[PDB]
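Chain naming follows the written order as A, B, C and D, and within any one chain the residues start at number 1.
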Amino acid sequence: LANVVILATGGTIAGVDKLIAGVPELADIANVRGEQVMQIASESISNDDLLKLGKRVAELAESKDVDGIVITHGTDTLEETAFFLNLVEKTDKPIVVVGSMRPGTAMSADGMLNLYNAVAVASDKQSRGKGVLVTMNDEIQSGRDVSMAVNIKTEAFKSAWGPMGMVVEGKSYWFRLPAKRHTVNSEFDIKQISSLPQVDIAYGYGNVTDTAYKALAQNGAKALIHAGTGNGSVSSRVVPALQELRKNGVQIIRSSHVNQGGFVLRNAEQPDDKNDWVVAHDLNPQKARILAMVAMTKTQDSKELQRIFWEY
Amino acid sequence: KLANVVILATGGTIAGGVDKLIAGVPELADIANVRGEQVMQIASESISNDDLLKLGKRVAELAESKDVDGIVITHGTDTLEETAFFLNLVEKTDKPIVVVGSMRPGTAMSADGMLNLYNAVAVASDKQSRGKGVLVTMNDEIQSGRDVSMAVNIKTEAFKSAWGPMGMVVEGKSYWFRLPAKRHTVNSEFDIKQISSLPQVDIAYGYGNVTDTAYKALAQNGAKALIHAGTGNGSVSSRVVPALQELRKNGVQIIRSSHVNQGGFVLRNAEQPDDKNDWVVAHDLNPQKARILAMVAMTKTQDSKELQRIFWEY
Amino acid sequence: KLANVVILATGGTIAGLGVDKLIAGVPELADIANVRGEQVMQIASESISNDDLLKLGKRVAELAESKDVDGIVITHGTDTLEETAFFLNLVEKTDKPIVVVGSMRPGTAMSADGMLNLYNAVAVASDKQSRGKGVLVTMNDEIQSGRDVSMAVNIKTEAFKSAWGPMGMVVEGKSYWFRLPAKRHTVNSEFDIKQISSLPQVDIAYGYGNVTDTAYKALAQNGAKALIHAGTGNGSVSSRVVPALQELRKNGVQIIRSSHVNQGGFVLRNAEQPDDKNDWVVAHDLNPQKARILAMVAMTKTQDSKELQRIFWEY
Amino acid sequence: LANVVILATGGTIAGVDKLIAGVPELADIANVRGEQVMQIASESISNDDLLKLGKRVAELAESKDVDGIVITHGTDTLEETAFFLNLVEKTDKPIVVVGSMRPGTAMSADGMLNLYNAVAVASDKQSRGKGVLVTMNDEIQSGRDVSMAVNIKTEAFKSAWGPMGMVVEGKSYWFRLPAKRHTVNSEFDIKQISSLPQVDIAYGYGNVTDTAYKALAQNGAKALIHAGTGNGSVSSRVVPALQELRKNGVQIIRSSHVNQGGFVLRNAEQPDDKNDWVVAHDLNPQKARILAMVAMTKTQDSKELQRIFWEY
């Protein structure tokens, strides 16, 4: 039986010793122990909190008493945390992040079976080397590109590229493998990362002005994620500010709020080569912010950052 | 005999000269009597509130003409969904209004704009379109202009609703499967005739480690309402809540939307105490649609309870 | 003052148990309705008969005619829930709410879906916004039309989908509507369970590579009055099958072209087959099992293929 | 430039030299020649057509001067041909199957760009080793589990497990890899198959009887795909007939007409171990028919068939 550690951080899914005893079936599939890393509403997570989790995961992944890791998380920023760990945890021990749409007290609460599934997946040989996984709604989803896409409903977490597998009666069924760099094959490592650069997001829409972009740069943004309309499109009213910001050294990364499929193509809506800007590829704005913040611990070259947005 | 449809051109990839747009689809003559006006020529990502008003006012003039049976607007994809929702709210006409764009220019291999334009004119000329509110006719679908959104990049199936298409248009014929449930057009309390300016409304994104910086800056630079594009069920970071309380007391409306746009909606009092803070939830409306509804609504009211009702009815 | 809701139990994984145990399992039902139960049958829905549908339809009609009933819930196996819901949508001439509900997991399983699905079914059945909307299905916090919801995803609780989207959602017992039905149903239907004592025999044959006329001929030989063709693509028919279907039509068997292309679009008349020349019918957007229900009900009234096609275009 | 061969089989997309003439941009990206292998409406395809195509593909894959192959195909059984090839073609040269939803004479016809993208993917080194691919609507879809899911519209082809990539301006962007056995790692080879076993499909629905199942076996079926309700469920009126056919040597494979996601679970709805039946896992009835025909060229052991249905 695999040794699995549950790291509790908070969220609608939640005292971690109670949490575990509340699912006695876990003892059947793994030797489980729990730790409370933090106790937060995930919409209120800070970069300090994400680093603390990254570090504690890394200490446990190096432990020989540890075969797999489950992180219980609020839904709101689950996808951010999952992508972060996918970039910085250089381990091929399974890492699973899991949450719930309903509290354990509610009628037909989803957390119990989610937590069982997460433990089952974290204890499975098939999970090794696959990168960070999310196990809600009987699905095995990639930590890279899974997002909270539907509110209220238990099927909240979706990817444009589909689920990789399913978990049913504690067994894993795989249909797809990841194509993007992660974990063991990442050039980033939480062991060398003690801090993260400031990165912020501004939204594009009808009649948008340069105000948010300038303010976020004035208050410390080292990169801005542009959550554009369409294919990362930028208002003629905002282009001149982004050019001035890039000249002051702020990276300009074009994402979009067009999140169900496709990607943002370099040089299509804007002259990225000429302006020395970066396209976020298929990554939504929150995900683009996590990859930018991790990438900028290593490089400030816009051409290297574009390679990173195309490989991870 | 044939319906009189006017095509109002605003720009976009579908035109990437209204007379050549129309010459480029000879078959339009089989299905309608068509004429074109260039209202403007823009990239829709650059659209302004003055452009919306100008368009809205032109549409209303044509809707009031006995020589106009239906109206097609050709438009860039990027903010098409915003224009369509705006018109659905302010045009008090049962006459069809159809908004249409394309994902490829007319010169591209397998360009989508010719059939999209034929289908928009067919829908604008069809009796079944009357009273339905504003429609968008891309990818053979009849989508509601209220809740269709550009949800897929690059592909021709770019426009999707959480509540499904209402119908399809094939070989110029409309096939209906659903009807609108929300207030629109003829049953709207809003009227472009009585709107001479729109209040400034801005949007700020919610994410891990977000600060109150954009919220304050946008308010300092004139926003009368802020659309919070929150994580999850419109959730607000405990770091930002005090700023949004101070802004609401300063008179700025706080509307909780989300970046969780494929289905569900934001529930009042669930993630934040809205009643206690005098905030509004945007229900199912994504941030850019919540901005349009806030802007139109605040031409008539600043009562947060009336705003909430309006977000539950439109 | 609470609404009177009756639960008609028929079996399924939601009861994996008497109706009295289903009601006892959700003690919060007492807060939103005066609930009563009746065990109509205890079956696996994959095993349902036409006699079971008729029986359930007549129980629904008597309860809908009762001044002491405000709404009706049917608990049902998932497998043919979509078939029961569409059948009731065609033959029940009541504006009273009729809700069909099931579960993917039994009540003793971890994170079982049944309790909340049954709470929400009763909530919707009790709500005045549900009146006049036709038969509803309330799973996964959704209000789905009984006309065109189908079991589309195995295992997961989001099993039930419509090509035309959910019509609303049910959250904390409250109903939130975003679309209305367009097609004819219930109070504006030309069909009535009160005038139906038997259902014509209707069967389904599948289209695929190398398919032959075998299944079509055997089903007609063993009494089918109509064959639903589950075609490839736009209800396409193999050149190896067309001759047999011409002969079956010539001999009185209606030929209805549906498809196994079930996530969107519909089957277009005269596009893949000359339906006018052949006197055949297209099933529009209806999947094969739904088309069989509509065909069955329609042929209680007409054997005229142009009336059948009008029906497939209006319901 | 890669040498790509286009094999025309018919369909709405379409003689092959006018097909190629129709897309003059093709010469820019590969050296293309056509052959007309057949001219059929794909709804009327036979087992002999599949074998003739599969053999012609295998000869071209062996040739030194062929870098990749495109098949132009009617949409109706495109998903059956694509899967068949994925199972029997032992090459890691790209094979791409492509059709169109509208004829080339129609307003906004999809066939020109679909044919361009197919040739582009067929000429890309990224396509080697990936299995058979389908390239419509700008997507790279797996031949294994892509299915005609939407009528009329150009987004007709979908997979429960999502697109593996996209093709844009002739360039391939990958996000997922296949997990199931295909082409070079398949235990099947078209070189050894002279004719396929007869396999038929019967539909499950309310008030279904054993008639179709009986008539198909009486007329030569060696396996029956049951297109069940739900999780491959079987009516109590049908089970006895299927026990009797299994006893007389006919394989019984439980598929479903629940085709948007999930799969059919062994022993859940029916006692497959006791009955010596097989479940089709996630494969839809027409795909499970292809796999049953191929598997049965090799084995008649139901435990080996179940293994095959779990690995392919």
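The criterion applied here is as follows: a residue touches a chain if its C-beta (ideal position, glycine included) is under 8 Å from a C-beta of that chain, and two chains touch if they have at least 3 such contacts.
The chain list, named the UniProt way, goes like this: A, B, C, D = Glutaminase-asparaginase.
Peer 1: With chain centres defined as mean CA positions, report which chain is farthest from chain B.
Peer 2: Max centre-to-centre separation from chain B belongs to D.
Peer 1: Can you check which chain pair, C-D or A-C, has more C-beta pairs in contact?
Peer 2: By the number of C-beta pairs in contact, the winner is C-D.
Peer 1: Indicate the whole-number Å distance between the mean C-alpha point of chain A and the mean C-alpha point of chain D.
Peer 2: 35
Peer 1: Using mean C-alpha positions as chain centres, tell me how far chain A is from chain B in Å, no decimals.
Peer 2: About 31 Å separates the centre of chain A from that of chain B.
Peer 1: Averaged over CA atoms, how far is the centre of chain A from the centre of chain C? Could you give it in whole Å?
Peer 2: It comes to 41 Å between the two C-alpha centres.
Peer 1: Quick one: which residues in chain C touch 2 or more of the other chains?
Peer 2: 155-156, 169, 171, 265-266, 268 - these are the residues of chain C that touch more than one other chain.
Peer 1: Would you mind writing out the residues of chain A in touch with chain C in their complex?
Peer 2: Contacts found on chain A: 23, 25, 106-114, 116, 137-139, 152-155, 166, 168.
Peer 1: Which residues, counting only chain B, touch chain A once they are in their complex?
Peer 2: My answer: residues 43-49, 52, 76-79, 82-83, 150-155, 158, 160, 200, 202-211, 213-214, 216-218, 221, 229-233, 235-239, 258-267, 271, 286-288, 291-292.
Peer 1: Give the list of chain D residues in touch with chain A in this complex.
Peer 2: Going by the criterion above, the answer is residues 145, 159-166, 168-169, 173-180, 262-263, 265, 281-282.
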